[PDB]
Structure formats: structure tokens, C-alpha cells
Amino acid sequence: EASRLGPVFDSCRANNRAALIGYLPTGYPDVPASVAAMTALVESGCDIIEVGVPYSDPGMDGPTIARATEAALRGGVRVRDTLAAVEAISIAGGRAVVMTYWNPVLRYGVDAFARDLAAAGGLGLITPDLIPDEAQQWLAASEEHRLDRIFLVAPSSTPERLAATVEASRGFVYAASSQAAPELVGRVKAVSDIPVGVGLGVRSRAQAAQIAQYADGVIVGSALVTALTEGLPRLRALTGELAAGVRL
């Protein structure tokens, strides 16, 4: 019927706010600590948890996240560790999706990974290096196992491809990126009513507030990794400030 994250953005609509989407990579600084930090995000006011799968060649990731996934892989993080983190978030009451590059999914098996992600309580998959043109396997698995599929749009996206990408998305659309962020969100709002998340290197409460004026969800990742590196209390306080900014 509806998307899995559909009810989440509705609850944010009634409360006159946007959703806080928090990214953390599995296994940084280690698997027990990362899962402890991800649970802290739920207790600190994160609406959606992006659980990242550390990849050996992350082309789309900035330096804060890239060096954190390199350390997780040096520590020996496995893909099964991410599914173990989803189950932990779901037990703690949180709502988790998985952001991964596509080759780990191919190695696992697209259908098998979707099945195991759903059984852990996962709600969807964010695919930064998979465009709809190659997602035939993923579309079938997304329907079979009732998982949302979050594709990325870009400021450079041609009108034809933007409409094709939105038409192929369930849950919300990742608007990855001046006036570039709201203008891109407006082009998505003009072809569909699907929620739009915005990732813009958010660092402060003021920045998260400026984004919530036009986006249905605010995506924070690098700033959470930087906080977790200083300490787990710093992440708790920073997540709190981010939880307040989305309600303005």
C-alpha cells in the first residue's frame, strides 16, 4: 500500500517539523561501539538511522566518513555486522535503513540481502552508486520484501532522469549536493509528493533549521562521525541540538 517510512514523515508533518536522519558506519570505531552509538542516536532523537556498510572504494564519501570506514575495515567489519546493527536498532525502537554501495549487495545476493535486511527489521536501502537503469534485480527484491528504495538525485540531473528517478523511489528521495539544495527539492516537489531528504554537510542547529524549511528530512552523517570520534557524550549532545533544529 504505502511506503515503510511513509508513516514516519506523516508523524513529522503533524508535529510541524522535518525528520532527523542520522548516518553512522558500522564497525567504527569498532562493532560494539558503533552499535552502542547507533542506539544512542535513537535515544537522542533521531527519527531514521542510516546504517552505512563500509566499502573499500567509497567514491561518493567525503573524508570524515571515508577515513572512518577505512578504520572499520582495518578492524575487520563484515557485512553481517550491519544486519546485526539493524536488529539492535529495531529492538531499541528505532527505524533503520541501510546505505551501501552496490557490489557488497551483489556479492551477498540481491534477493538474499533484501530478505535478511527485512528480517532484521530494516525499512529500506539507500543506493548511491545504483541508478534505476540497473536496478531490475533490486526493484523485484524491493517489492517482494516490502523494502523502501531510496535513490539519489543531483543538481545536474536532467529533467527526464529526475522524473524517472523519483518515479522509481519509495520512502523518500536523497537530494545529494548557494541555492542548489532548495531548487533541487523544488524540482522534485513539482513532479511528485514523495518526501525529500537533504544531505548538506550539516554541522549546527542553525543549519538543520534552515534545511527543514523546505525539506521533509535532514540528513546528517559526517558531523555525527566527527562527534563520535571525540566521544560518545559529544554525539549525544550534538544529536540533541540537531533534534531541536528540525522543529523550527
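Counting begins at 1, following the sequence as shown.
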Hey, how big is the hole between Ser177 and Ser178 in terms of deposited residues without coordinates: none, 1 to 3, 4 to 9, or 10 or more?
-> 10 or more
Should the higher mean CA B-factor in the entry be assigned to 138 to 146 or to 70 to 78?
-> 138 to 146
Return whichever of 97 to 105 and 167 to 175 has the greater mean Cα B factor according to the PDB record.
-> 167 to 175
Per the PDB entry, which option out of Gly186, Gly52, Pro29, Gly221 has the greatest Cα B factor?
-> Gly186
Per the PDB entry, which option out of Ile65, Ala33, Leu41, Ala208 has the greatest Cα B factor?
-> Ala208
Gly197 - Cα temperature factor, lowest/middle/highest third of chain = middle
So where's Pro58 on the chain's Cα temperature factor ranking, which third?
-> lowest
Entry-reported C-alpha B-factor of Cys12 relative to its chain, by third, is highest
Position of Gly22 among the chain's modelled residues by C-alpha B-factor, lowest, middle or highest third = middle
